[PDB]
file input00.cif (mmCIF, C-alpha atoms and all ligand atoms)
data_input
loop_
_atom_site.label_atom_id
_atom_site.label_comp_id
_atom_site.auth_asym_id
_atom_site.auth_seq_id
_atom_site.Cartn_x
_atom_site.Cartn_y
_atom_site.Cartn_z
CA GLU A 818 14.80 -2.56 -18.94
CA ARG A 819 13.83 -4.21 -22.22
CA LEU A 820 10.64 -2.18 -21.75
CA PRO A 821 10.41 0.94 -23.98
CA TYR A 822 9.77 4.60 -23.14
CA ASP A 823 7.20 6.53 -25.15
CA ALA A 824 8.49 10.06 -24.55
CA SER A 825 5.77 11.46 -26.81
CA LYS A 826 3.19 10.30 -24.27
CA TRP A 827 5.09 10.61 -20.99
CA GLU A 828 7.81 13.30 -21.13
CA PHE A 829 7.08 16.45 -19.10
CA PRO A 830 9.02 19.76 -19.31
CA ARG A 831 11.27 20.36 -16.31
CA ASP A 832 10.62 24.11 -16.17
CA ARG A 833 6.93 23.23 -15.79
CA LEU A 834 7.68 21.97 -12.27
CA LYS A 835 8.23 23.97 -9.10
CA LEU A 836 9.99 21.56 -6.70
CA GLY A 837 8.80 22.07 -3.17
CA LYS A 838 9.58 20.62 0.23
CA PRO A 839 11.17 17.17 0.39
CA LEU A 840 8.72 14.50 1.45
CA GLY A 841 11.16 11.68 2.12
CA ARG A 842 14.84 10.96 1.47
CA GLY A 843 16.03 7.42 0.86
CA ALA A 844 19.38 5.78 0.14
CA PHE A 845 19.13 5.98 -3.65
CA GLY A 846 17.05 9.09 -4.15
CA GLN A 847 14.33 11.22 -2.63
CA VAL A 848 10.70 12.07 -3.15
CA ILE A 849 9.77 15.75 -3.39
CA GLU A 850 6.39 17.48 -3.35
CA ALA A 851 5.90 19.85 -6.28
CA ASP A 852 3.59 21.88 -8.49
CA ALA A 853 3.28 20.84 -12.12
CA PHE A 854 1.74 23.06 -14.76
CA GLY A 855 -0.15 21.41 -17.56
CA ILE A 856 0.77 17.96 -16.26
CA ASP A 857 -2.75 16.89 -17.35
CA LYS A 858 -5.35 18.31 -19.76
CA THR A 859 -7.76 19.29 -16.95
CA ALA A 860 -6.40 21.39 -14.05
CA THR A 861 -3.77 24.09 -14.52
CA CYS A 862 -1.48 23.58 -11.53
CA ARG A 863 -1.60 20.17 -9.88
CA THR A 864 0.41 19.12 -6.81
CA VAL A 865 2.56 16.08 -7.47
CA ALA A 866 5.17 13.78 -5.94
CA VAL A 867 8.46 13.58 -7.76
CA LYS A 868 11.07 10.84 -7.35
CA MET A 869 14.59 11.82 -8.40
CA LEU A 870 18.14 10.69 -7.66
CA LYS A 871 20.02 12.35 -4.81
CA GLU A 872 23.15 14.39 -5.59
CA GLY A 873 25.99 12.16 -6.81
CA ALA A 874 24.38 9.00 -8.15
CA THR A 875 25.85 5.81 -9.58
CA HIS A 876 25.21 5.50 -13.32
CA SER A 877 23.35 2.34 -12.29
CA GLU A 878 21.02 3.95 -9.75
CA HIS A 879 19.99 6.01 -12.76
CA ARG A 880 19.05 2.98 -14.84
CA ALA A 881 17.28 1.58 -11.77
CA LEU A 882 15.05 4.68 -11.62
CA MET A 883 14.45 4.40 -15.38
CA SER A 884 13.39 0.75 -14.97
CA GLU A 885 11.00 1.67 -12.18
CA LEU A 886 9.55 4.18 -14.64
CA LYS A 887 9.16 1.76 -17.54
CA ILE A 888 7.67 -0.78 -15.13
CA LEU A 889 5.08 1.74 -14.06
CA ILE A 890 4.38 2.51 -17.72
CA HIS A 891 4.17 -1.26 -18.33
CA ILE A 892 1.96 -1.97 -15.30
CA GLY A 893 -0.70 0.41 -16.56
CA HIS A 894 -3.35 2.33 -14.70
CA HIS A 895 -5.35 1.19 -11.69
CA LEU A 896 -7.16 3.27 -9.13
CA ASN A 897 -5.40 1.39 -6.37
CA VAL A 898 -1.78 1.80 -7.50
CA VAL A 899 -0.18 5.21 -7.24
CA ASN A 900 -0.71 6.89 -10.63
CA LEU A 901 2.21 7.83 -12.87
CA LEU A 902 1.66 11.30 -14.26
CA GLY A 903 4.83 12.09 -16.19
CA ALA A 904 8.58 12.00 -16.30
CA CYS A 905 11.59 14.13 -17.18
CA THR A 906 14.05 11.85 -18.95
CA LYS A 907 15.61 13.72 -21.85
CA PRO A 908 18.93 15.45 -21.23
CA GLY A 909 19.26 18.84 -19.59
CA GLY A 910 18.38 18.15 -15.99
CA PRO A 911 18.14 15.28 -13.47
CA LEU A 912 15.97 12.20 -14.13
CA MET A 913 12.51 12.55 -12.49
CA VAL A 914 9.49 10.24 -12.14
CA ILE A 915 6.24 12.06 -11.41
CA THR A 916 3.11 10.68 -9.76
CA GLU A 917 -0.12 11.93 -8.29
CA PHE A 918 -0.01 13.37 -4.80
CA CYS A 919 -1.78 11.71 -1.86
CA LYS A 920 -2.10 14.31 0.87
CA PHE A 921 -2.70 12.00 3.80
CA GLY A 922 0.55 10.09 3.30
CA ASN A 923 1.34 6.53 4.37
CA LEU A 924 -1.57 4.47 5.78
CA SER A 925 0.20 3.27 8.87
CA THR A 926 0.83 6.70 10.29
CA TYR A 927 -2.64 7.75 9.23
CA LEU A 928 -4.35 4.89 11.06
CA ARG A 929 -2.13 5.42 14.12
CA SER A 930 -3.59 8.92 14.33
CA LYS A 931 -7.27 7.88 14.17
CA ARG A 932 -6.97 5.74 17.30
CA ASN A 933 -9.06 8.25 19.26
CA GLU A 934 -11.47 8.70 16.37
CA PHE A 935 -12.84 5.20 15.84
CA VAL A 936 -16.20 3.46 16.21
CA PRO A 937 -17.15 -0.02 14.96
CA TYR A 938 -20.01 1.60 13.06
CA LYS A 939 -22.24 4.70 13.10
CA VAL A 990 -25.81 5.46 14.20
CA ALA A 991 -27.82 8.69 14.46
CA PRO A 992 -26.80 11.31 15.47
CA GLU A 993 -23.88 10.40 13.23
CA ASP A 994 -22.31 13.84 13.57
CA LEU A 995 -20.87 12.50 16.80
CA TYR A 996 -18.50 10.49 14.61
CA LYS A 997 -17.79 12.95 11.77
CA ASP A 998 -14.51 11.95 10.10
CA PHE A 999 -14.34 8.80 12.21
CA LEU A 1000 -12.77 5.50 11.19
CA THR A 1001 -15.04 2.44 11.26
CA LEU A 1002 -14.88 -1.25 10.39
CA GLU A 1003 -16.15 -0.41 6.94
CA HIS A 1004 -13.16 1.89 6.38
CA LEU A 1005 -10.75 -0.74 7.65
CA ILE A 1006 -12.32 -3.39 5.45
CA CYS A 1007 -12.62 -1.00 2.54
CA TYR A 1008 -8.90 -0.27 2.53
CA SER A 1009 -8.15 -4.01 2.58
CA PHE A 1010 -10.52 -4.48 -0.31
CA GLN A 1011 -8.81 -1.74 -2.32
CA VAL A 1012 -5.24 -2.92 -1.65
CA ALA A 1013 -6.27 -6.41 -2.69
CA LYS A 1014 -7.80 -5.20 -5.91
CA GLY A 1015 -4.56 -3.40 -6.60
CA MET A 1016 -2.51 -6.46 -5.71
CA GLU A 1017 -4.78 -8.55 -7.94
CA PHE A 1018 -4.05 -6.05 -10.70
CA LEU A 1019 -0.30 -6.19 -10.11
CA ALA A 1020 -0.20 -10.01 -10.08
CA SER A 1021 -2.28 -10.22 -13.24
CA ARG A 1022 0.74 -8.44 -14.81
CA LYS A 1023 3.43 -10.82 -13.52
CA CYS A 1024 4.37 -8.16 -10.99
CA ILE A 1025 5.76 -9.00 -7.56
CA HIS A 1026 5.79 -6.14 -5.03
CA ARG A 1027 8.35 -7.67 -2.65
CA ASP A 1028 7.68 -5.10 0.06
CA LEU A 1029 3.95 -4.85 0.64
CA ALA A 1030 3.27 -3.06 3.93
CA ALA A 1031 1.17 -0.25 5.36
CA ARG A 1032 4.09 2.13 4.93
CA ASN A 1033 3.89 1.51 1.19
CA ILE A 1034 0.19 2.42 1.12
CA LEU A 1035 -0.77 6.05 0.49
CA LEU A 1036 -4.09 7.64 1.40
CA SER A 1037 -5.91 10.15 -0.81
CA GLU A 1038 -9.20 12.00 -0.80
CA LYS A 1039 -12.41 10.04 -0.28
CA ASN A 1040 -10.63 7.11 1.46
CA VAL A 1041 -8.94 5.82 -1.66
CA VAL A 1042 -5.75 3.97 -0.90
CA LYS A 1043 -2.92 3.40 -3.34
CA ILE A 1044 -0.13 0.80 -3.46
CA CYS A 1045 3.19 2.52 -3.89
CA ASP A 1046 6.81 1.72 -3.25
CA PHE A 1047 9.47 3.96 -1.72
CA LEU A 1067 13.18 -4.25 9.43
CA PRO A 1068 11.37 -5.68 6.39
CA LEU A 1069 11.85 -9.21 7.83
CA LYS A 1070 8.63 -8.68 9.75
CA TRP A 1071 6.70 -8.67 6.46
CA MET A 1072 8.69 -11.37 4.72
CA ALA A 1073 7.36 -14.89 4.21
CA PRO A 1074 9.33 -17.90 5.59
CA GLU A 1075 10.44 -19.05 2.13
CA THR A 1076 11.56 -15.46 1.36
CA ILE A 1077 13.64 -15.37 4.50
CA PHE A 1078 15.25 -18.83 4.31
CA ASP A 1079 15.47 -19.17 0.53
CA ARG A 1080 15.46 -15.60 -0.82
CA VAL A 1081 12.50 -16.68 -2.96
CA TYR A 1082 10.06 -13.87 -3.86
CA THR A 1083 6.83 -15.13 -5.45
CA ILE A 1084 3.34 -13.72 -5.87
CA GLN A 1085 2.35 -15.89 -2.91
CA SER A 1086 5.10 -14.34 -0.80
CA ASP A 1087 3.20 -11.08 -1.39
CA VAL A 1088 0.00 -12.64 -0.12
CA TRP A 1089 1.92 -13.39 3.09
CA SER A 1090 2.82 -9.72 3.30
CA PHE A 1091 -0.79 -8.70 2.58
CA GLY A 1092 -1.44 -10.79 5.69
CA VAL A 1093 0.95 -8.65 7.72
CA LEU A 1094 -0.64 -5.56 6.16
CA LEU A 1095 -4.10 -6.69 7.28
CA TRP A 1096 -2.85 -7.01 10.83
CA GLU A 1097 -1.41 -3.51 10.60
CA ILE A 1098 -4.65 -2.11 9.31
CA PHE A 1099 -6.73 -3.77 12.05
CA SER A 1100 -4.35 -2.73 14.86
CA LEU A 1101 -4.75 0.78 13.48
CA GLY A 1102 -1.13 1.21 12.52
CA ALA A 1103 0.57 -0.96 15.10
CA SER A 1104 4.01 -2.42 14.54
CA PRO A 1105 3.84 -6.16 13.77
CA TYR A 1106 5.22 -8.67 16.27
CA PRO A 1107 5.09 -6.25 19.22
CA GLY A 1108 7.91 -6.89 21.70
CA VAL A 1109 9.54 -9.67 19.70
CA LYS A 1110 13.18 -9.06 18.84
CA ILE A 1111 13.92 -9.90 15.22
CA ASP A 1112 16.50 -12.68 15.71
CA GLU A 1113 17.20 -16.38 15.07
CA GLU A 1114 14.32 -17.38 17.33
CA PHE A 1115 11.92 -15.04 15.58
CA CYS A 1116 12.76 -16.63 12.24
CA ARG A 1117 12.83 -20.12 13.79
CA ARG A 1118 9.33 -19.71 15.26
CA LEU A 1119 7.94 -18.18 12.08
CA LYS A 1120 9.24 -21.14 10.13
CA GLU A 1121 7.81 -23.53 12.71
CA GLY A 1122 4.28 -22.14 12.58
CA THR A 1123 3.96 -19.46 15.29
CA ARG A 1124 1.71 -16.48 14.42
CA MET A 1125 0.65 -13.06 15.68
CA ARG A 1126 -2.45 -12.90 17.81
CA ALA A 1127 -5.54 -11.04 16.55
CA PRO A 1128 -5.22 -7.20 16.57
CA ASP A 1129 -7.48 -5.01 18.77
CA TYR A 1130 -9.75 -3.85 15.93
CA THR A 1131 -10.04 -7.04 13.90
CA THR A 1132 -13.17 -9.14 13.31
CA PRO A 1133 -13.41 -12.95 13.49
CA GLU A 1134 -13.48 -13.39 9.71
CA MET A 1135 -10.69 -10.88 9.15
CA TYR A 1136 -8.20 -12.46 11.52
CA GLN A 1137 -8.83 -15.86 9.95
CA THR A 1138 -7.98 -14.36 6.54
CA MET A 1139 -4.73 -13.22 8.13
CA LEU A 1140 -4.00 -16.78 9.18
CA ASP A 1141 -4.97 -18.04 5.74
CA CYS A 1142 -2.50 -15.55 4.31
CA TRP A 1143 0.22 -16.74 6.64
CA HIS A 1144 -0.08 -20.36 5.64
CA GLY A 1145 3.21 -22.31 5.67
CA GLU A 1146 2.71 -23.71 2.15
CA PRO A 1147 2.71 -20.74 -0.25
CA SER A 1148 0.54 -22.89 -2.51
CA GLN A 1149 -2.02 -23.11 0.31
CA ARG A 1150 -2.37 -19.33 0.74
CA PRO A 1151 -5.37 -17.70 -0.98
CA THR A 1152 -4.75 -15.78 -4.18
CA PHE A 1153 -5.39 -12.06 -4.51
CA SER A 1154 -8.37 -12.88 -6.73
CA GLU A 1155 -9.81 -15.01 -3.94
CA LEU A 1156 -8.97 -12.31 -1.43
CA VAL A 1157 -10.78 -9.63 -3.44
CA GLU A 1158 -13.75 -11.97 -3.77
CA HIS A 1159 -13.69 -12.60 -0.03
CA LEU A 1160 -13.14 -9.09 1.32
CA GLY A 1161 -15.81 -7.72 -0.98
CA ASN A 1162 -18.18 -10.13 0.75
CA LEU A 1163 -17.00 -9.22 4.22
CA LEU A 1164 -17.45 -5.60 3.14
CA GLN A 1165 -21.02 -6.35 2.05
CA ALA A 1166 -22.03 -8.12 5.27
CA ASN A 1167 -20.65 -5.34 7.42
CA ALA A 1168 -22.69 -2.94 5.34
CA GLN A 1169 -25.93 -4.85 5.75
CA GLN A 1170 -25.17 -5.24 9.47
CA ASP A 1171 -24.45 -1.49 9.72
CA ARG A 1172 -27.76 -0.81 8.01
CA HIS A 1173 -29.73 -2.69 10.65
CA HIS A 1174 -27.70 -1.11 13.44
CA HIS A 1175 -28.51 2.28 11.97
CA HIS A 1176 -32.16 1.42 11.33
CA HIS A 1177 -33.08 0.35 14.87
CA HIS A 1178 -31.05 3.02 16.66
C1 LIG A 1201 3.14 11.99 3.16
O1 LIG A 1201 3.36 12.81 2.00
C2 LIG A 1201 3.61 12.11 0.81
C3 LIG A 1201 2.65 11.93 -0.23
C4 LIG A 1201 2.97 11.19 -1.41
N1 LIG A 1201 2.09 10.99 -2.44
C5 LIG A 1201 2.46 10.27 -3.54
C6 LIG A 1201 3.74 9.71 -3.69
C7 LIG A 1201 4.68 9.89 -2.69
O2 LIG A 1201 6.00 9.38 -2.73
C8 LIG A 1201 6.20 8.39 -3.71
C9 LIG A 1201 5.87 7.01 -3.52
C10 LIG A 1201 6.04 6.06 -4.56
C11 LIG A 1201 6.58 6.46 -5.86
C12 LIG A 1201 6.74 5.54 -7.00
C13 LIG A 1201 6.33 4.11 -6.93
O3 LIG A 1201 5.50 3.73 -6.13
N2 LIG A 1201 6.87 3.25 -7.85
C14 LIG A 1201 6.58 1.90 -7.96
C15 LIG A 1201 5.19 1.47 -8.06
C16 LIG A 1201 4.86 0.09 -8.17
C17 LIG A 1201 5.92 -0.84 -8.18
CL1 LIG A 1201 5.54 -2.51 -8.31
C18 LIG A 1201 7.29 -0.43 -8.08
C19 LIG A 1201 7.60 0.94 -7.97
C20 LIG A 1201 7.29 6.06 -8.22
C21 LIG A 1201 7.65 7.43 -8.35
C22 LIG A 1201 7.47 8.33 -7.27
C23 LIG A 1201 6.94 7.87 -6.03
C24 LIG A 1201 6.75 8.81 -4.96
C25 LIG A 1201 4.29 10.65 -1.55
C26 LIG A 1201 5.21 10.84 -0.53
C27 LIG A 1201 4.89 11.56 0.62
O4 LIG A 1201 5.95 11.67 1.52
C28 LIG A 1201 6.04 10.74 2.57
#
call {"tool": "encode", "arguments": {"input": "input00.cif", "output": "structure tokens", "more": "lines below"}}
Ligand SMILES: COc1cc2nccc(Oc3ccc4c(C(=O)Nc5ccc(Cl)cc5)cccc4c3)c2cc1OC
result
Amino acid sequence: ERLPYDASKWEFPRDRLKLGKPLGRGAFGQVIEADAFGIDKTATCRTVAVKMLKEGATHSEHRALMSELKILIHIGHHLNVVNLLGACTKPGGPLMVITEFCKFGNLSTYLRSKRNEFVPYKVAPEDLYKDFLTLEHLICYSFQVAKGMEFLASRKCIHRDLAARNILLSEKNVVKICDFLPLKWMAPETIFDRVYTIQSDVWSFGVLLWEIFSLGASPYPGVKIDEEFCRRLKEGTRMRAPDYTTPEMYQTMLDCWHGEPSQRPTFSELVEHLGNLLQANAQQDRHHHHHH
């Protein structure tokens, strides 16, 4: 809010956008796919995702969208956080926040679809697994999302709703943190106290990890989200390891779900750790590939 808006640098002409098919419609607005012309110095007509208010919006929902915009401008650029490309804010038309487009969509659905196209790792002839998901992909995504969460935290930013559904997938397996029951991702303190901290996000990153290594499964399978659910969560109970997880990964999930927020790792530690797990898997994969 107090944050400024440099229209010289961000404002984009409305008539330079051809709004396409709706991608998703929420309770405050909607995201729409679109073509933008001259959005960036390079290409001529780039596909983008535009977030605008839905017909008949409370003067406040407006300001909310504007704040999201300034926040994005404040946050800055990072490969692992959906990139802000422009914005239509001056009078004349509806308020619109423009970002890059990620053709593969949300990570959860994406993973869910690769369940018949997965192999721990690849060996020759590797064309048997063309476009296949592997542990390296699964670990890579976790690495990326952590680097983006490290970035966000380093800017006093608290996501509040970190989950696979808020992760978009682009070309070359590059994931991006974005933001469109949620109790299944909420930390105990967030549920019983309404307290959102950076560490409450680490808890959620824990739930995200489980999603990633269950290839898009829904957390707490079977469990009904009720008093008992919350009671058990508070008391220590935790999800079992997902079908595609590794020993080290699952443990990180437990670490993330620690009861004391202060005892949970930090995103910086998580980046440091996953990078390592990513490295080991690689070396391992290299020997697997080399002998077979
Ligand atoms: C599957 O096809 C799709 C591809 C997509 N590719 C990119 C963006 C999409 O929708 C989005 C997702 C997030 C945002 C944010 C935004 O993420 N703001 C934000 C960022 C960080 C923080 Cl902390 C707070 C708010 C700001 C403005 C517009 C947005 C549009 C897509 C939607 C799709 O439909 C489902």
call {"tool": "residues_near_point", "arguments": {"input": "input00.cif", "point": "(-18.4, -3.7, 0.5)", "cutoff": "12 Å", "atoms": "all atoms listed in the file", "output": "PDB file with C-alpha atoms, keeping the file's coordinate frame"}}
result
ATOM      1  CA  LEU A1002     -14.880  -1.250  10.390  1.00  0.00           C
ATOM      2  CA  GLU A1003     -16.150  -0.410   6.940  1.00  0.00           C
ATOM      3  CA  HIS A1004     -13.160   1.890   6.380  1.00  0.00           C
ATOM      4  CA  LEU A1005     -10.750  -0.740   7.650  1.00  0.00           C
ATOM      5  CA  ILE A1006     -12.320  -3.390   5.450  1.00  0.00           C
ATOM      6  CA  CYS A1007     -12.620  -1.000   2.540  1.00  0.00           C
ATOM      7  CA  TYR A1008      -8.900  -0.270   2.530  1.00  0.00           C
ATOM      8  CA  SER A1009      -8.150  -4.010   2.580  1.00  0.00           C
ATOM      9  CA  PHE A1010     -10.520  -4.480  -0.310  1.00  0.00           C
ATOM     10  CA  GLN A1011      -8.810  -1.740  -2.320  1.00  0.00           C
ATOM     11  CA  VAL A1157     -10.780  -9.630  -3.440  1.00  0.00           C
ATOM     12  CA  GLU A1158     -13.750 -11.970  -3.770  1.00  0.00           C
ATOM     13  CA  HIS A1159     -13.690 -12.600  -0.030  1.00  0.00           C
ATOM     14  CA  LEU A1160     -13.140  -9.090   1.320  1.00  0.00           C
ATOM     15  CA  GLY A1161     -15.810  -7.720  -0.980  1.00  0.00           C
ATOM     16  CA  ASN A1162     -18.180 -10.130   0.750  1.00  0.00           C
ATOM     17  CA  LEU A1163     -17.000  -9.220   4.220  1.00  0.00           C
ATOM     18  CA  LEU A1164     -17.450  -5.600   3.140  1.00  0.00           C
ATOM     19  CA  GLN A1165     -21.020  -6.350   2.050  1.00  0.00           C
ATOM     20  CA  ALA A1166     -22.030  -8.120   5.270  1.00  0.00           C
ATOM     21  CA  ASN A1167     -20.650  -5.340   7.420  1.00  0.00           C
ATOM     22  CA  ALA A1168     -22.690  -2.940   5.340  1.00  0.00           C
ATOM     23  CA  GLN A1169     -25.930  -4.850   5.750  1.00  0.00           C
ATOM     24  CA  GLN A1170     -25.170  -5.240   9.470  1.00  0.00           C
ATOM     25  CA  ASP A1171     -24.450  -1.490   9.720  1.00  0.00           C
TER      26      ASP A1171
END
call {"tool": "closest_residue", "arguments": {"input": "input00.cif", "among": "A:827, A:1047, A:1153, A:1106", "to": "ligand LIG 1201 (chain A)", "atoms": "all atoms listed in the file"}}
result
A:1047
call {"tool": "atom_distance", "arguments": {"input": "input00.cif", "atom1": "atom CA of residue 926 of chain A", "atom2": "atom CA of residue 849 of chain A"}}
result
18.7 Å
call {"tool": "closest_residue", "arguments": {"input": "input00.cif", "among": "A:993, A:1134, A:1028, A:1075", "to": "ligand LIG 1201 (chain A)", "atoms": "only C-alpha atoms and all ligand atoms"}}
result
A:1028
call {"tool": "residues_around", "arguments": {"input": "input00.cif", "residues": "residue 1099 of chain A", "least_positions_apart": "5", "cutoff": "6 Å", "atoms": "all atoms listed in the file", "output": "PyMOL selection string"}}
result
chain A and resi 1128+1130-1131
call {"tool": "atom_distance", "arguments": {"input": "input00.cif", "atom1": "atom CA of residue 1145 of chain A", "atom2": "atom CA of residue 1030 of chain A"}}
result
19.3 Å
call {"tool": "closest_residue", "arguments": {"input": "input00.cif", "among": "A:837, A:1147, A:1108, A:922", "to": "ligand LIG 1201 (chain A)", "atoms": "all atoms listed in the file"}}
result
A:922
call {"tool": "residues_around", "arguments": {"input": "input00.cif", "residues": "segment 1035-1038 of chain A", "least_positions_apart": "2", "cutoff": "12 Å", "atoms": "all atoms listed in the file", "output": "NGL selection string"}}
result
:A and (866 or 896-900 or 916-928 or 1004 or 1008 or 1011-1012 or 1029-1033 or 1040-1047)
call {"tool": "closest_residue", "arguments": {"input": "input00.cif", "among": "A:1019, A:912, A:883, A:1094", "to": "ligand LIG 1201 (chain A)", "atoms": "all atoms listed in the file"}}
result
A:1019
call {"tool": "atom_distance", "arguments": {"input": "input00.cif", "atom1": "atom CA of residue 907 of chain A", "atom2": "atom CA of residue 826 of chain A"}}
result
13.1 Å
call {"tool": "closest_residue", "arguments": {"input": "input00.cif", "among": "A:1156, A:1135, A:874, A:1025", "to": "ligand LIG 1201 (chain A)", "atoms": "all atoms listed in the file"}}
result
A:1025
call {"tool": "decode", "arguments": {"input": "input00.cif", "residues": "segment 932-1006 of chain A", "atoms": "N, CA and C atoms", "output": "JSON list (two decimals), in the first residue's frame"}}
result
[["chain", "number", "residue", "atom", "x", "y", "z"],
["A", 932, "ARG", "N", 2.27, -39.77, -13.80],
["A", 932, "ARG", "CA", 2.32, -41.00, -13.01],
["A", 932, "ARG", "C", 2.56, -42.28, -13.82],
["A", 933, "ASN", "N", 2.36, -42.23, -15.13],
["A", 933, "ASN", "CA", 2.64, -43.40, -15.95],
["A", 933, "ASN", "C", 3.88, -43.13, -16.77],
["A", 934, "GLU", "N", 4.54, -42.01, -16.49],
["A", 934, "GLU", "CA", 5.75, -41.64, -17.21],
["A", 934, "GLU", "C", 6.83, -41.24, -16.20],
["A", 935, "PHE", "N", 7.17, -42.20, -15.34],
["A", 935, "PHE", "CA", 8.17, -41.98, -14.30],
["A", 935, "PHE", "C", 9.14, -43.13, -14.13],
["A", 936, "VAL", "N", 10.40, -42.79, -13.89],
["A", 936, "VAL", "CA", 11.46, -43.76, -13.64],
["A", 936, "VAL", "C", 12.46, -43.10, -12.71],
["A", 937, "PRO", "N", 12.84, -43.80, -11.64],
["A", 937, "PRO", "CA", 13.79, -43.27, -10.66],
["A", 937, "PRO", "C", 14.92, -42.52, -11.32],
["A", 938, "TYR", "N", 15.46, -43.09, -12.39],
["A", 938, "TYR", "CA", 16.56, -42.50, -13.12],
["A", 938, "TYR", "C", 16.64, -43.14, -14.51],
["A", 939, "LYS", "N", 17.48, -42.60, -15.40],
["A", 939, "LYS", "CA", 17.59, -43.13, -16.75],
["A", 939, "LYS", "C", 18.93, -43.78, -17.09],
["A", 990, "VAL", "N", 18.88, -44.75, -18.00],
["A", 990, "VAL", "CA", 20.06, -45.46, -18.49],
["A", 990, "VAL", "C", 19.83, -45.61, -20.00],
["A", 991, "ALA", "N", 20.87, -46.02, -20.72],
["A", 991, "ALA", "CA", 20.77, -46.21, -22.17],
["A", 991, "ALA", "C", 20.13, -47.56, -22.49],
["A", 992, "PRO", "N", 19.22, -47.60, -23.48],
["A", 992, "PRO", "CA", 18.73, -46.52, -24.32],
["A", 992, "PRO", "C", 17.72, -45.62, -23.60],
["A", 993, "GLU", "N", 18.14, -44.38, -23.36],
["A", 993, "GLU", "CA", 17.32, -43.41, -22.67],
["A", 993, "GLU", "C", 16.15, -42.86, -23.45],
["A", 994, "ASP", "N", 15.96, -43.32, -24.68],
["A", 994, "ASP", "CA", 14.82, -42.83, -25.47],
["A", 994, "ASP", "C", 13.58, -43.61, -25.05],
["A", 995, "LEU", "N", 13.78, -44.56, -24.14],
["A", 995, "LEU", "CA", 12.68, -45.35, -23.63],
["A", 995, "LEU", "C", 11.95, -44.50, -22.60],
["A", 996, "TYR", "N", 12.64, -43.48, -22.10],
["A", 996, "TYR", "CA", 12.06, -42.59, -21.09],
["A", 996, "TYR", "C", 12.03, -41.12, -21.56],
["A", 997, "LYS", "N", 11.89, -40.88, -22.86],
["A", 997, "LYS", "CA", 11.85, -39.51, -23.33],
["A", 997, "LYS", "C", 10.70, -38.79, -22.62],
["A", 998, "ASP", "N", 10.95, -37.56, -22.18],
["A", 998, "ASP", "CA", 9.93, -36.78, -21.47],
["A", 998, "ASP", "C", 9.40, -37.53, -20.25],
["A", 999, "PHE", "N", 10.28, -38.18, -19.51],
["A", 999, "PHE", "CA", 9.86, -38.92, -18.33],
["A", 999, "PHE", "C", 10.24, -38.15, -17.07],
["A", 1000, "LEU", "N", 9.49, -38.31, -15.99],
["A", 1000, "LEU", "CA", 9.85, -37.65, -14.75],
["A", 1000, "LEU", "C", 10.80, -38.61, -14.04],
["A", 1001, "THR", "N", 11.73, -38.05, -13.27],
["A", 1001, "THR", "CA", 12.69, -38.85, -12.51],
["A", 1001, "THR", "C", 12.92, -38.21, -11.15],
["A", 1002, "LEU", "N", 13.70, -38.86, -10.29],
["A", 1002, "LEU", "CA", 13.96, -38.29, -8.98],
["A", 1002, "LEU", "C", 14.63, -36.93, -9.12],
["A", 1003, "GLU", "N", 15.52, -36.81, -10.09],
["A", 1003, "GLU", "CA", 16.19, -35.55, -10.30],
["A", 1003, "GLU", "C", 15.17, -34.44, -10.57],
["A", 1004, "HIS", "N", 14.14, -34.72, -11.36],
["A", 1004, "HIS", "CA", 13.14, -33.69, -11.62],
["A", 1004, "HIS", "C", 12.46, -33.32, -10.30],
["A", 1005, "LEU", "N", 11.98, -34.34, -9.59],
["A", 1005, "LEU", "CA", 11.29, -34.14, -8.34],
["A", 1005, "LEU", "C", 12.11, -33.35, -7.32],
["A", 1006, "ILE", "N", 13.41, -33.63, -7.29],
["A", 1006, "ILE", "CA", 14.29, -32.95, -6.37],
["A", 1006, "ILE", "C", 14.64, -31.58, -6.91]]
